[PDB]
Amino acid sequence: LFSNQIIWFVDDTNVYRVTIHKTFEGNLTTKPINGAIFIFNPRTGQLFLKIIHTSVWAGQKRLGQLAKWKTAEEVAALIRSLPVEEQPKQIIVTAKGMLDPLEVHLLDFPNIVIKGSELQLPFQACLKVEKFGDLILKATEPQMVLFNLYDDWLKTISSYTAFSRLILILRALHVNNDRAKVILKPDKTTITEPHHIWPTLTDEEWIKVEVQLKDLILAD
């Protein structure tokens, strides 16, 4: 990571989402709700968020499996919409079920290396950040939305440091959302800018936050 090669992490976790309800008759109803693909460049902080509207499942079955293919389809479609100089050199997936669908969808892109990973990068935690969660919930059609998940961090820290910070935030939100949100608000006056994802904190504040988030993850 972090060299001249454009790298994307792709997360399919959140593509097929449902609500499950027990009926008065005692059976379970499962209803799809909107999902999202997260495509993330760890050097620059760029996120492509591809909102998956429930209409894409119309007429279909085995939706959890089909979601792997839909993810690969949408990654390929994004790549074909980009100039060659913006296309990734490497795609990294933390779900093994993505490898074969990507391979078949990307046959026309021989430069692109696909690999698996055991890294813990839980973008599902973003569904807990209201900016993302409501946007996904309320969508009435597919769409793609761009974000910068590093805010203004790269003005003063490296991509390596930024990536590490982001991962600690996401993992902490995943393990204990309520406590992570408290750690991320060290003062009554702590705020997040409207165009930012994360709070505006001092260097000293981030140092403490990062240690606290790490400790929260360790405590599970």
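In case it trips you up, residue 1 is the first one in the sequence shown, and so on.
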**Prompt:** Where do the C-alpha atoms have the higher mean temperature factor in this entry, in 54 to 62 or in 148 to 156?
**Reply:** 54 to 62
**125 to 133 set against 71 to 79, stretch whose average Cα temperature factor tops the other in the entry** = 125 to 133
**Asked** Checking the entry, which one of 164, 34, 41, 192 has the top C-alpha B factor?
**Response** 192
**Item:** CA B-factor placement of residue 45, once the chain's modelled residues are sorted into thirds
**Value:** lowest
**Asked** Which third, lowest, middle or highest, does the CA B-factor of residue 175 fall in along this chain?
**Response** highest
**Prompt:** Looking at the C-alpha B-factor of residue 207, is it in the lowest, middle or highest third of its chain?
**Reply:** highest
**Asked** Going by the entry, which third of its chain does the Cα temperature factor of residue 182 land in?
**Response** highest
**Asked** If you rank the chain by CA B-factor, which third does residue 213 end up in: lowest, middle or highest?
**Response** middle
